[PDB]
Each structure stands twice: as C-alpha cells, then as structure tokens.
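One structure below.
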Amino acid sequence: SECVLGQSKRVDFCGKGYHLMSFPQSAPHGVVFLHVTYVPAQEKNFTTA
Amino acid sequence: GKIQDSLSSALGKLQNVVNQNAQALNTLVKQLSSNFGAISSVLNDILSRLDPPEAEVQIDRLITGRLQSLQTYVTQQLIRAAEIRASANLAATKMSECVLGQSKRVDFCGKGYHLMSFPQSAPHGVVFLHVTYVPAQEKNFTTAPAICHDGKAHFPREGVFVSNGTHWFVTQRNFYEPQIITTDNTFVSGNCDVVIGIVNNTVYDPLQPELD
Amino acid sequence: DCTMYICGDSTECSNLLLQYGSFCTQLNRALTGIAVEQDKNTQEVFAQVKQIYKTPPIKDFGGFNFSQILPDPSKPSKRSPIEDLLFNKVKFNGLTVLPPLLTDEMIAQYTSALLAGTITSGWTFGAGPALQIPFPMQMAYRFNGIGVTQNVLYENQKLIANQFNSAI
Amino acid sequence: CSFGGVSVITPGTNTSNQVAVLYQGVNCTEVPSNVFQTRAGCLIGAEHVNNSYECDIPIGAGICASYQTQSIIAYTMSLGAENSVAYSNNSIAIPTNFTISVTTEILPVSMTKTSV
Amino acid sequence: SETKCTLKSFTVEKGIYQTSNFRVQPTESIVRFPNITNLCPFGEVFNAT
Ligand SMILES: *[C@@H]1O[C@H](CO)[C@@H](O[C@@H]2O[C@H](CO)[C@@H](O)[C@H](O)[C@H]2NC(C)=O)[C@H](O)[C@H]1NC(C)=O
Ligand SMILES: *[C@@H]1O[C@H](CO)[C@@H](O[C@@H]2O[C@H](CO)[C@@H](O)[C@H](O)[C@H]2NC(C)=O)[C@H](O)[C@H]1NC(C)=O
Ligand SMILES: *[C@@H]1O[C@H](CO)[C@@H](O[C@@H]2O[C@H](CO)[C@@H](O)[C@H](O)[C@H]2NC(C)=O)[C@H](O)[C@H]1NC(C)=O
Ligand SMILES: *[C@@H]1O[C@H](CO)[C@@H](O[C@@H]2O[C@H](CO)[C@@H](O)[C@H](O)[C@H]2NC(C)=O)[C@H](O)[C@H]1NC(C)=O
Ligand SMILES: *[C@@H]1O[C@H](CO)[C@@H](O[C@@H]2O[C@H](CO)[C@@H](O)[C@H](O)[C@H]2NC(C)=O)[C@H](O)[C@H]1NC(C)=O
Ligand SMILES: *[C@@H]1O[C@H](CO)[C@@H](O[C@@H]2O[C@H](CO)[C@@H](O)[C@H](O)[C@H]2NC(C)=O)[C@H](O)[C@H]1NC(C)=O
Ligand SMILES: *[C@@H]1O[C@H](CO)[C@@H](O[C@@H]2O[C@H](CO)[C@@H](O)[C@H](O)[C@H]2NC(C)=O)[C@H](O)[C@H]1NC(C)=O
Ligand SMILES: *[C@@H]1O[C@H](CO)[C@@H](O)[C@H](O)[C@H]1NC(C)=O
Ligand SMILES: *[C@@H]1O[C@H](CO)[C@@H](O)[C@H](O)[C@H]1NC(C)=O
Ligand SMILES: *[C@@H]1O[C@H](CO)[C@@H](O)[C@H](O)[C@H]1NC(C)=O
Ligand SMILES: *[C@@H]1O[C@H](CO)[C@@H](O)[C@H](O)[C@H]1NC(C)=O
C-alpha cells in the first residue's frame with residue numbers, strides 16, 4: 001500500500017535513502033519489493049550562517 | 001445517511017471472536033462426560049461399585065484426561081489472546097493517527113485521501129468512520145515539462161502546465177483550475193535546449209505593462 | 001485425519017479412541033482455520049487493485065527501461081525475467097496437501113497490473129481512477145517529494161535513466 | 001487408495017435446497033448429470049460454464065462456484081474488470097470534480113475474561 | 001442433511017463445509033508367497049529316542 005501505491009516519508013520503510021518508488025514481483029509463497037531510492041553523493045564543505 | 005441504512009438493514013469480525021470463545025467453553029464442559037478408558041464418567045459411580053484399592057486406578061484415568069483437556073483449553077486461549085492483542089494494538093494506532101491527526105500513509109485511514117475519522121464504540125471493539133476525498137470526472141489535456149521564453153526555461157512553482165488545444169495554463173495537480181502563466185507562478189533555471197519537451201509560449205510579466 | 005493417523009484401518013482402535021471425546025474434532029478445526037487463513041494472507045497482499053491494467057504497446061518512458069520486470073509474452077505463465085529467476089531458486093497416513101485458491105499465474109497477473117498502474121499513472125490509481133501522466137513528469141513530482149527541485153531531474157534525465165538501468 | 005474429504009457447496013437454505021459435492025483430490029472415476037474434474041478434486045452437481053465472474057464460493061485452484069445459471073456451476077474466478085490507461089508521452093488527465101466518501105472499519109479490542 | 005448434521009443446526013448459511021470423507025473400498029485378499037517347501041518334520045523333536 002505505502003511503497004508501491006504511494007511515496008513514503010517513513011525512514012527506512014522502503015529501503016535506504018529517500019524513497020522514490022517501489023516495484024513488486026511475485027516469489028513462491030512470497031513477494032519481492034524492488035525499492036528505488038535517491039542517495040546523495042560527492043559533498044563539499046562550506047561556511048554557513 | 002447511508003452508513004445508517006447499510007447497518008440498519010457486517011460485524012462478522014466481532015461475531016467471530018464471540019463464537020470462538022463460546023465454542024471452546026462448550027467443548028470444555030462436554031469433556032466432563034467422557035470415560036477416557038474408565039467404567040463411568042461419574043466419581044459417585046466409581047466410589048460406589050469399587051473398593052478403594054480398585055477405584056484409585058479408575059479415578060486416575062479420569063484425572064489424566066481432564067487435566068489434558070483443561071490444559072488444551074488454556075493453550076488455545078493464549079494463542080487467541082496474542083491475536084486479539086495485535087488487533088487492539090492496531091486500533092490504538094489508528095485512534096492516534098486517524099482520529100487525532102490527518103494521515104498521509106496510503107490506505108491506512110480509508111481509501112482515497114484521508115480527511116478525518118470518527119470513532120464509535122462496539123460490543124468488544126471499535127468502528128472507525130473514515131471521511132476521504134476522491135477525485136472525479138477527469139479530462140485529458142496535453143502537457144509540457146517547461147516553457148521556453150526569451151531563451152529561458154520556466155517551470156511551475158506548484159502546478160502543471162496544460163493546454164486546452166490552443167492556449168497554455170497552469171493548474172494545481174488534483175483539481176482543474178487554470179491560470180495564466182506569469183512570472184509569479186513559475187521560476188526560471190537555465191536555457192531552453194537541455195530539457196526535452198519544452199514548448200514555446202509567452203510568460204507574462206505583471207509589472208511591465210502596469211508600470212507603463 | 002486424526003482417526004486415520006492414530007488407529008489407521010484397524011477397528012479395535014476406533015472404538016477405544018471414541019472414548020476420548022472431541023479431541024480429534026478440535027484438531028481438525030484448528031488445522032482448517034490455518035488453511036483458510038493462508039488464502040486471506042494472499043488476497044490481502046496481492047488483490048489490491050480494482051482493474052487489470054495493461055501497458056501500452058510502445059515503451060516510450062523517458063529513457064527508462066522496464067523490460068526485465070514486465071511480463072514475458074512468450075510463456076505459458078507470462079512471468080517476467082526476474083520472476084522466472086526467483087522461481088528457479090526456491091500420499092500418506094491421513095496427511096493431505098490442499099492447493100491454493102489462486103494459481104500463481106493469477107498472482108503474476110495481479111503483480112503485472114500493479115506494475116502497469118504505477119508506470120502509467122503514478123499514485124493516482126491507488127486513490128481512485130487511474131490518471132495518466134508522462135513518466136518523466138511523474139519522476140519530477142517524486143523528486144519534489146524528497147525535497148529536490150524538479151529541474152534537477154529534467155536537466156539530468158539521461159544520467160538518471162542510465163543509473164536506474166544499470167541498477168536494475 | 002483414494003481417501004479424501006467430502007465438502008458440500010450450498011447457496012444457503014434460504015435460497016434453495018440444491019447442493020453440490022466436492023470429493024477432495026480424488027480422481028472423478030472412482031467416486032461411487034454433471035461430473036467435472038478440478039485440480040482440487042471431483043465436483044458433482046454443478047455445471048461448468050465458460051464465462052468468468054467475481055468469486056462467490058471458493059472451490060480452489062482458481063475455481064469458484066455460484067448459484068446463478070437454478071443449480072451449481074464451476075469456472076475460473078475473475079481478477080477484476082479491465083481498465084486501459086491511454087498513456088502517451090505528452091498527455092495528462094486532471095479531475096474536475098470530487099466526491100466525499102465515508103467508509104467503516106471494524107476492529108476487535110477485547111475478549112471475555114474467564115476463570116476456572 | 002449431512003451438512004445440517006455436521007453443523008448441528010436446521011439453517012445453514014452460505015459457505016462451503018467439509019462434511020465427510022470418501023474412501024475407495026478393497027475387495028478380496030490376495031496372499032502371495034514362495035514355491036518350494038516341505039512338511040517340516042516335528043517327528044524328530046517330539047519323537048526322538
Ligand atoms: C571538510 O573539511 C573537514 C575538515 O574541516 C574534512 O575533515 C578532515 O578530513 C581529512 C581527510 O579525511 C582528515 O585527515 C582531517 O583530520 C579532517 N579534519 C578534522 C578536523 O578532523 C572533511 O573531509 C571535508 N569534507 C569535504 C567534502 O571537503
Ligand atoms: C483521453 O484520451 C484518450 C485518447 O483517445 C481516450 O482513450 C480512448 O477512448 C476511446 C473511447 O473511449 C477508446 O476507444 C480508446 O481505446 C481509448 N484509448 C486510446 C485511443 O488509446 C480517453 O477516453 C480520454 N479520457 C478522457 C477522460 O476523456
Ligand atoms: C481555450 O481556452 C481559451 C480561454 O482563454 C479559449 O479562448 C477564448 O474563448 C472565449 C470564448 O470562446 C473568447 O471569448 C476569447 O476571445 C478566447 N480567447 C481568449 C484569449 O480569451 C479557447 O477557445 C479555448 N480553446 C478550446 C479548444 O477550447
Ligand atoms: C521556439 O522558439 C525559438 C526562437 O523563437 C525557435 O528557434 C528558431 O527556430 C528556427 C527554425 O528552426 C530557426 O531558423 C532559428 O534560427 C531559431 N532561432 C533560435 C534563436 O534558436 C525554435 O525553433 C522554436 N521551436 C519550435 C518547435 O518552433
Ligand atoms: C532494456 O534492457 C535490456 C537489457 O536487460 C535490453 O536488451 C538487451 O539489449 C542488448 C543490446 O542493447 C542485447 O545485446 C541483449 O541481447 C538484449 N537482451 C535481451 C533482448 O534479452 C533492451 O534492449 C532494453 N530496452 C530498450 C528499449 O533498449
Ligand atoms: C460536481 O458533481 C456534483 C455531484 O456530486 C454536481 O452536482 C449535482 O448536479 C446535478 C445536476 O445539476 C444535480 O441533480 C445534483 O443534485 C447535484 N448534486 C448535489 C450533491 O448537489 C456538480 O454539478 C458537479 N460540478 C461540476 C462543475 O460538474
Ligand atoms: C510321534 O509318533 C506318533 C506315532 O506315529 C505319531 O502319532 C500319529 O499321529 C497321527 C496324527 O495325530 C495319527 O494319524 C497316527 O495314527 C498316529 N500314530 C499312531 C501309531 O498312533 C505322532 O504324531 C508323532 N509326533 C509328531 C509330533 O508328529
Ligand atoms: C514523443 O514521441 C513522439 C513520437 O510520436 C516524438 O516525435 C517526440 O519527439 C516525443 N517527445 C518527447 C518529449 O518524448
Ligand atoms: C432470508 O429469508 C428472508 C425471509 O424468508 C428474506 O427476507 C431474505 O431475503 C432471505 N435472505 C437471502 C439471502 O435470500
Ligand atoms: C483418472 O484416471 C484416468 C484413467 O487412468 C486418467 O486418464 C485421468 O487422467 C485420471 N485423472 C487425472 C486428474 O489425471
Ligand atoms: C468453452 O470454450 C472452449 C474453447 O476452446 C470450447 O472448446 C468449449 O466447448 C466451451 N465450453 C462450453 C461448455 O461451451
């Protein structure tokens with residue numbers, strides 16, 4: 001309901017990172033969720049105020 | 001007004017827990033009339049046609065059976081209570097998140113977009129009345145991701161660019177309410193040759209005429 | 001079958017076991033409840049969709065490529081490539097195995113419809129009628145939901161689509 | 001041998017007194033009209049149709065029964081309607097109205113406290 | 001009627017009910033065995049000198 005039919009803001013409920021979207025696949029007696037997330041990269045430091 | 005009709009004319013989840021408990025309590029009492037391999041089911045019948053050395057062996061056969069049956073009753077109640085406990089834990093979370101708040105979780109407080117919830121008490125449980133918003137009566141338009149104007153690319157601040165066939169407007173995404181594209185409801189970033197799907201159209205400046 | 005596991009054919013056993021009351025009726029009720037719960041588990045996970053949605057015959061999704069997870073038309077089961085990989089990795093004395101109510105063809109057909117709903121309508125089919133939107137614009141709506149400004153998607157569309165494709 | 005449970009399918013005595021019978025995972029040639037073989041056993045007293053409806057009484061392996069066409073029939077359940085989204089690379093649908101809907105949800109919180 | 005008896009009621013509501021069992025029946029008893037054999041004399045056990 002919450003990761004395939006919508007976008008979640010709950011932390012770590014749909015993978016690591018900021019949840020973008022999720023796709024379901026059927027397994028024998030089970031389900032597999034492929035979670036697509038956004039992960040930030042290559043940071044620089046700055047002065048701030 | 002329709003909840004009232006549909007109920008007055010559905011509480012199976014509450015009926016089932018009542019039925020299960022009664023069906024178990026009856027099976028417990030109906031076991032007080034089995035022999036388990038004895039001469040009768042009555043202690044006043046083994047204590048009346050047997051001497052004490054022979055009635056011990058027949059009383060123990062009843063004791064073992066009745067202990068087994070009582071302990072089976074007590075195991076199945078632990079397993080049924082662990083399931084009622086999880087249901088009540090979900091009801092306590094729905095009372096917090098749908099009645100004292102507005103939830104954004106999809107399909108947690110009804111089907112649609114949650115507006116509000118109302119609780120009602122039931123015999124051994126709770127009924128939630130979920131009020132949600134459902135969109136209706138859709139039309140198609142044609143879209144673009146950005147608008148090119150003066151060599152710049154414009155994106156909507158909080159909407160979508162749509163076209164009724166010949167003209168270009170901005171709406172909000174869930175309710176159709178078109179507006180003229182101006183520099184107050186769009187923002188600029190970059191030149192209009194890296195986005196794919198840009199269309200050419202004029203972005204209206206409110207100061208430029210009015211001042212002049 | 002409690003009686004056939006215990007006694008088992010013999011008749012001297014059945015009359016002796018009749019003396020224990022309803023011990024075997026309780027056990028069959030307990031096992032039948034479990035078996036009825038297993039179908040409701042699957043109905044609650046997979047039958048979460050009103051209609052059986054289909055993807056259009058083109059695959060113009062903004063450079064995004066979903067071919068490894070869409071159904072395979074050249075198969076009796078119509079599973080996808082990854083659902084085929086997952087399915088290759090996983091009578092007695094009164095004992096019996098009942099079949100599930102849903103075939104796994106039906107389960108694969110529920111999952112492909114959930115997939116085509118998402119790729120074509122975003123999140124609108126989960127709250128009502130499915131409203132089509134182009135995939136790049138839906139991806140840009142989702143970038144807003146994590147707090148990134150939506151030109152970051154449109155100016156990096158090709159790179160973002162390549163990264164998705166390599167991760168898949 | 002072929003031992004197995006016997007189940008009775010009824011539309012409810014407040015509708016009819018006809019009945020169908022499932023011999024579970026028994027080959028339908030060794031049971032002792034409509035005899036129909038299922039992946040779940042041999043069904044007697046229901047006719048097999050070619051339509052597909054929403055599931056009514058679940059038989060198993062995709063087969064359901066209903067009191068429609070009476071008597072008892074067999075078939076393969078229906079997953080649901082069929083909706084076809086007119087997706088394109090530059091088309092959008094936007095709603096022009098709404099409905100306010102209200103639904104119910106029932107939950108057990110307690111059971112009876114017994115002592116022995 | 002077998003359903004009404006299984007439920008112990010006079011009104012059954014719609015559903016599906018397990019009512020009994022079907023068990024094929026076996027006829028005749030074939031007793032197989034081996035060929036060769038003798039009368040196996042006990043006349044040297046009970047009649048020894
Ligand atoms: C931002 O600057 C900080 C220093 O203020 C960097 O942390 C230094 O990192 C180097 C290399 O890993 C270490 O040897 C130093 O000991 C760190 N400084 C301190 C005070 O511990 C940090 O790596 C910089 N990050 C970026 C993205 O530039
Ligand atoms: C949006 O436009 C599409 C494109 O025509 C409409 O979908 C078609 O509708 C006709 C008539 O209902 C069908 O015969 C086609 O099969 C549909 N799909 C196509 C052409 O790909 C749709 O009705 C429009 N939606 C709204 C809300 O007006
Ligand atoms: C798209 O909407 C515009 C509304 O801005 C329509 O254009 C106007 O239509 C009204 C009534 O027909 C006229 O009085 C105006 O002169 C038109 N122009 C403007 C600038 O307002 C246009 O007809 C619509 N197009 C379609 C295909 O429905
Ligand atoms: C959108 O507007 C720009 C600028 O008005 C158009 O760019 C011109 O296109 C013509 C025809 O291809 C060329 O001859 C000019 O040299 C272009 N000028 C510039 C500054 O690029 C652009 O073609 C328009 N887009 C569409 C689809 O009509
Ligand atoms: C989607 O990705 C698949 C890869 O998983 C592409 O199929 C492969 O394409 C390469 C060349 O691009 C071939 O060498 C492989 O044999 C293909 N594998 C197959 C067909 O199973 C597929 O072409 C991509 N889709 C699009 C539209 O490009
Ligand atoms: C939005 O939908 C409502 C219905 O939910 C429309 O209002 C109905 O209009 C019809 C015809 O005028 C009346 O017979 C009904 O009594 C109205 N319903 C109610 C609850 O008042 C409304 O007209 C629609 N709006 C638009 C712009 O289409
Ligand atoms: C031991 O020898 C005696 C003597 O023959 C056997 O007695 C014979 O038994 C059979 C069967 O009971 C009779 O038909 C004969 O008439 C008996 N013979 C006599 C002379 O009376 C006896 O059976 C032998 N013991 C065993 C174990 O075979
Ligand atoms: C959309 O697809 C059409 C093909 O009909 C193509 O001509 C056009 O360039 C495409 N536009 C975008 C933005 O993908
Ligand atoms: C049950 O019987 C009553 C009266 O005989 C009738 O009103 C009701 O519709 C019946 N229920 C069904 C499901 O047919
Ligand atoms: C039942 O037995 C017949 C005779 O061998 C066979 O043809 C048939 O396939 C059997 N039933 C099933 C379901 O295989
Ligand atoms: C159902 O359709 C199939 C098509 O292959 C046909 O062979 C069969 O006779 C049909 N069944 C009935 C009962 O008409």
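We name chains A, B, ... following the order of the structure tokens; residues begin at 1 in each chain, and ligands are numbered from 1 as shown.
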For residue 16 in chain E, please output as a PDB file with N, CA, C and O atoms, in the first residue's frame all residues within 8 Å (counting only C-alpha atoms; exclusion window: fewer than 3 positions along the same chain).
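Saved as out-v2.pdb:
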ATOM      1  N   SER D   7     -16.821 -32.295   0.778  1.00  0.00           N
ATOM      2  CA  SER D   7     -17.345 -30.978   1.100  1.00  0.00           C
ATOM      3  C   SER D   7     -18.659 -30.770   0.377  1.00  0.00           C
ATOM      4  O   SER D   7     -18.862 -31.279  -0.720  1.00  0.00           O
ATOM      5  N   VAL D   8     -19.540 -29.992   0.992  1.00  0.00           N
ATOM      6  CA  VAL D   8     -20.858 -29.704   0.449  1.00  0.00           C
ATOM      7  C   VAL D   8     -20.963 -28.213   0.179  1.00  0.00           C
ATOM      8  O   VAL D   8     -20.706 -27.394   1.065  1.00  0.00           O
ATOM      9  N   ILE D   9     -21.330 -27.868  -1.048  1.00  0.00           N
ATOM     10  CA  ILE D   9     -21.468 -26.495  -1.512  1.00  0.00           C
ATOM     11  C   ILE D   9     -22.953 -26.199  -1.603  1.00  0.00           C
ATOM     12  O   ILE D   9     -23.675 -26.850  -2.366  1.00  0.00           O
ATOM     13  N   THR D  10     -23.406 -25.215  -0.848  1.00  0.00           N
ATOM     14  CA  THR D  10     -24.804 -24.841  -0.796  1.00  0.00           C
ATOM     15  C   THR D  10     -24.987 -23.341  -0.971  1.00  0.00           C
ATOM     16  O   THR D  10     -24.238 -22.553  -0.391  1.00  0.00           O
ATOM     17  N   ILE D  57     -18.159 -18.558  -4.102  1.00  0.00           N
ATOM     18  CA  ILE D  57     -17.850 -19.626  -3.167  1.00  0.00           C
ATOM     19  C   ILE D  57     -16.548 -20.240  -3.655  1.00  0.00           C
ATOM     20  O   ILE D  57     -16.487 -20.737  -4.780  1.00  0.00           O
ATOM     21  N   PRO D  58     -15.487 -20.187  -2.887  1.00  0.00           N
ATOM     22  CA  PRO D  58     -14.189 -20.625  -3.396  1.00  0.00           C
ATOM     23  C   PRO D  58     -14.013 -22.126  -3.356  1.00  0.00           C
ATOM     24  O   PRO D  58     -14.084 -22.734  -2.289  1.00  0.00           O
TER      25      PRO D  58
END
Under the rule of at most 12 Å, produce a per-residue listing of chain E near chain C: chain, number, name, the closest pair of atoms, and the distance in Å, as a Markdown table, using only C-alpha atoms.
| residue | atom | partner | partner_atom | distance |
| --- | --- | --- | --- | --- |
| E:6 | CA | C:25 | CA | 11.1 |
| E:16 | CA | C:36 | CA | 11.4 |
| E:17 | CA | C:32 | CA | 10.7 |
| E:18 | CA | C:32 | CA | 9.6 |
| E:20 | CA | C:1 | CA | 10.8 |
| E:21 | CA | C:1 | CA | 9.6 |
| E:23 | CA | C:94 | CA | 11.2 |
| E:25 | CA | C:9 | CA | 11.7 |
| E:26 | CA | C:9 | CA | 11.8 |
*Within 9 Å of chain C, which residues of chain A show up when using only C-alpha atoms, listed as a ChimeraX atom specification?*
/A:1,4-9,18-31,36,38
Those selected residues, please, written with C-alpha atoms and delivered as an mmCIF file, in the first residue's frame.
data_model
loop_
_atom_site.group_PDB
_atom_site.id
_atom_site.type_symbol
_atom_site.label_atom_id
_atom_site.label_comp_id
_atom_site.auth_asym_id
_atom_site.auth_seq_id
_atom_site.Cartn_x
_atom_site.Cartn_y
_atom_site.Cartn_z
ATOM 1 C CA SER A 1 0.000 0.000 0.000
ATOM 2 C CA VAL A 4 4.048 0.753 -4.309
ATOM 3 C CA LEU A 5 0.789 2.728 -4.323
ATOM 4 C CA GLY A 6 2.412 5.849 -2.928
ATOM 5 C CA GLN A 7 5.570 7.620 -1.865
ATOM 6 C CA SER A 8 6.673 7.167 1.733
ATOM 7 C CA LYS A 9 8.360 9.590 4.100
ATOM 8 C CA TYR A 18 14.979 8.855 0.093
ATOM 9 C CA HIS A 19 12.220 6.647 -1.257
ATOM 10 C CA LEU A 20 11.423 7.374 -4.886
ATOM 11 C CA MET A 21 9.288 4.394 -5.915
ATOM 12 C CA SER A 22 8.905 0.636 -5.479
ATOM 13 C CA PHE A 23 8.049 -2.289 -7.788
ATOM 14 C CA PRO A 24 6.573 -5.660 -6.739
ATOM 15 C CA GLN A 25 7.461 -9.120 -8.009
ATOM 16 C CA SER A 26 5.898 -12.424 -7.010
ATOM 17 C CA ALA A 27 8.018 -15.170 -5.495
ATOM 18 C CA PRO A 28 6.957 -18.693 -4.428
ATOM 19 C CA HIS A 29 4.909 -18.165 -1.235
ATOM 20 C CA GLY A 30 6.172 -14.613 -1.016
ATOM 21 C CA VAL A 31 6.795 -11.217 -2.507
ATOM 22 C CA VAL A 36 14.263 2.740 -5.898
ATOM 23 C CA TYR A 38 17.876 8.593 -4.067
#
*Going by DSSP on the backbone, which bits of chain C are helix (DSSP H, G or I)? Write them as a PyMOL selection string, please.*
chain C and resi 2-6+12-20+23-46+81-87+104-121+135-145+151-154+157-167
For chain B, work out the contacting residues on chain C at 10 Å, counting only C-alpha atoms, and write them as a tab-separated table (two decimals) with N, CA, C and O atoms, in the first residue's frame.
chain	number	residue	atom	x	y	z
C	16	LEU	N	-11.89	-47.78	20.84
C	16	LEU	CA	-11.15	-47.30	22.01
C	16	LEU	C	-10.91	-45.80	21.95
C	16	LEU	O	-10.96	-45.13	22.98
C	17	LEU	N	-10.64	-45.27	20.76
C	17	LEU	CA	-10.41	-43.84	20.61
C	17	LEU	C	-11.69	-43.04	20.75
C	17	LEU	O	-11.64	-41.88	21.16
C	18	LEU	N	-12.83	-43.63	20.41
C	18	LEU	CA	-14.12	-42.99	20.63
C	18	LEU	C	-14.34	-42.59	22.09
C	18	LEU	O	-15.24	-41.80	22.37
C	19	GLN	N	-13.54	-43.13	23.01
C	19	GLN	CA	-13.70	-42.88	24.44
C	19	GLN	C	-13.05	-41.59	24.89
C	19	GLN	O	-13.14	-41.26	26.07
C	20	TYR	N	-12.39	-40.86	24.00
C	20	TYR	CA	-11.64	-39.68	24.38
C	20	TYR	C	-12.40	-38.39	24.13
C	20	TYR	O	-11.91	-37.32	24.48
C	21	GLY	N	-13.59	-38.46	23.55
C	21	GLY	CA	-14.39	-37.27	23.39
C	21	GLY	C	-14.11	-36.58	22.09
C	21	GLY	O	-13.95	-37.23	21.05
C	22	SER	N	-14.05	-35.26	22.12
C	22	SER	CA	-13.88	-34.46	20.92
C	22	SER	C	-12.46	-33.98	20.72
C	22	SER	O	-12.25	-32.88	20.24
C	23	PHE	N	-11.45	-34.78	21.09
C	23	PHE	CA	-10.07	-34.36	20.89
C	23	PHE	C	-9.71	-34.24	19.42
C	23	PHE	O	-8.94	-33.35	19.05
C	25	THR	N	-11.92	-33.68	16.83
C	25	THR	CA	-12.68	-32.62	16.20
C	25	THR	C	-12.02	-31.26	16.40
C	25	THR	O	-11.97	-30.45	15.47
C	26	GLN	N	-11.47	-31.03	17.59
C	26	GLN	CA	-10.74	-29.81	17.86
C	26	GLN	C	-9.52	-29.67	16.96
C	26	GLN	O	-9.24	-28.58	16.46
C	30	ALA	N	-8.71	-26.75	14.24
C	30	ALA	CA	-7.51	-25.94	14.32
C	30	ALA	C	-6.76	-25.92	13.01
C	30	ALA	O	-6.33	-24.86	12.55
C	62	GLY	N	10.65	7.86	-21.34
C	62	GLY	CA	11.65	8.84	-21.00
C	62	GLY	C	13.06	8.32	-20.90
C	62	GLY	O	13.89	8.93	-20.23
C	123	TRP	N	0.67	7.52	-8.68
C	123	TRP	CA	-0.05	7.09	-7.49
C	123	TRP	C	-1.53	7.38	-7.55
C	123	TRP	O	-2.21	7.26	-6.53
C	124	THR	N	-2.06	7.75	-8.70
C	124	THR	CA	-3.46	8.13	-8.76
C	124	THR	C	-4.39	6.93	-8.78
C	124	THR	O	-5.51	7.03	-8.29
C	125	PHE	N	-3.94	5.80	-9.31
C	125	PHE	CA	-4.79	4.62	-9.33
C	125	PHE	C	-4.97	3.99	-7.96
C	125	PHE	O	-5.92	3.24	-7.76
C	126	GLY	N	-4.12	4.33	-6.99
C	126	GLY	CA	-4.30	3.83	-5.64
C	126	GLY	C	-5.28	4.63	-4.81
C	126	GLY	O	-5.62	4.21	-3.70
C	127	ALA	N	-5.74	5.76	-5.31
C	127	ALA	CA	-6.70	6.59	-4.60
C	127	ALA	C	-8.00	6.78	-5.35
C	127	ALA	O	-8.91	7.42	-4.83
C	128	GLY	N	-8.12	6.24	-6.55
C	128	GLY	CA	-9.32	6.38	-7.34
C	128	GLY	C	-9.10	5.87	-8.74
C	128	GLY	O	-8.50	4.82	-8.93
C	129	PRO	N	-9.58	6.63	-9.72
C	129	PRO	CA	-9.41	6.27	-11.13
C	129	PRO	C	-7.99	6.59	-11.57
C	129	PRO	O	-7.40	7.56	-11.10
C	130	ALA	N	-7.43	5.77	-12.45
C	130	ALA	CA	-6.07	5.96	-12.93
C	130	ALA	C	-6.03	7.14	-13.89
C	130	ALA	O	-6.79	7.19	-14.85
C	131	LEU	N	-5.15	8.09	-13.61
C	131	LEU	CA	-4.98	9.29	-14.42
C	131	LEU	C	-3.59	9.25	-15.03
C	131	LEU	O	-2.61	9.30	-14.30
C	132	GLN	N	-3.51	9.16	-16.34
C	132	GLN	CA	-2.23	9.05	-16.99
C	132	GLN	C	-1.43	10.34	-16.85
C	132	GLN	O	-1.97	11.43	-16.73
C	133	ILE	N	-0.11	10.19	-16.83
C	133	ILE	CA	0.84	11.29	-16.73
C	133	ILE	C	2.11	10.77	-17.39
C	133	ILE	O	2.38	9.58	-17.28
C	134	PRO	N	2.90	11.58	-18.09
C	134	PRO	CA	4.15	11.07	-18.65
C	134	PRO	C	5.17	10.73	-17.57
C	134	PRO	O	5.24	11.37	-16.53
C	136	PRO	N	8.43	10.92	-17.15
C	136	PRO	CA	9.43	11.91	-16.75
C	136	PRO	C	8.82	12.94	-15.79
C	136	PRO	O	9.49	13.37	-14.85
C	137	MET	N	7.57	13.32	-16.03
C	137	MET	CA	6.90	14.29	-15.18
C	137	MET	C	6.50	13.68	-13.84
C	137	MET	O	6.51	14.37	-12.82
C	140	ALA	N	9.58	13.67	-11.85
C	140	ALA	CA	9.81	15.01	-11.34
C	140	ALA	C	8.90	15.37	-10.17
C	140	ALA	O	9.32	16.13	-9.30
C	141	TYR	N	7.67	14.88	-10.15
C	141	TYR	CA	6.83	15.02	-8.96
C	141	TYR	C	7.44	14.33	-7.77
C	141	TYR	O	7.34	14.81	-6.64
C	144	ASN	N	10.27	16.20	-6.13
C	144	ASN	CA	9.75	17.19	-5.21
C	144	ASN	C	9.40	16.61	-3.86
C	144	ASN	O	9.47	17.33	-2.86
C	149	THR	N	14.52	20.08	-6.08
C	149	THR	CA	13.80	20.92	-7.02
C	149	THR	C	13.77	20.25	-8.38
C	149	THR	O	14.70	19.54	-8.76
C	150	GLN	N	12.67	20.42	-9.10
C	150	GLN	CA	12.36	19.49	-10.17
C	150	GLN	C	13.10	19.74	-11.47
C	150	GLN	O	13.02	18.90	-12.36
C	151	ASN	N	13.81	20.85	-11.62
C	151	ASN	CA	14.72	20.95	-12.75
C	151	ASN	C	15.96	20.10	-12.60
C	151	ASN	O	16.62	19.82	-13.59
C	152	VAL	N	16.31	19.69	-11.37
C	152	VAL	CA	17.41	18.77	-11.18
C	152	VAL	C	17.12	17.46	-11.88
C	152	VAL	O	18.05	16.76	-12.31
C	153	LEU	N	15.86	17.09	-12.05
C	153	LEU	CA	15.54	15.90	-12.81
C	153	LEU	C	15.60	16.15	-14.30
C	153	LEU	O	16.14	15.33	-15.05
C	154	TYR	N	15.01	17.24	-14.77
C	154	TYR	CA	14.90	17.43	-16.21
C	154	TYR	C	16.24	17.74	-16.84
C	154	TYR	O	16.45	17.43	-18.01
C	155	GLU	N	17.16	18.35	-16.09
C	155	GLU	CA	18.48	18.64	-16.61
C	155	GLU	C	19.43	17.47	-16.49
C	155	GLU	O	20.55	17.55	-17.00
C	156	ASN	N	19.02	16.38	-15.85
C	156	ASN	CA	19.86	15.21	-15.65
C	156	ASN	C	19.13	13.93	-16.05
C	156	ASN	O	19.48	12.86	-15.58
C	157	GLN	N	18.07	14.06	-16.84
C	157	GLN	CA	17.23	12.93	-17.22
C	157	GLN	C	18.02	11.74	-17.75
C	157	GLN	O	17.77	10.61	-17.32
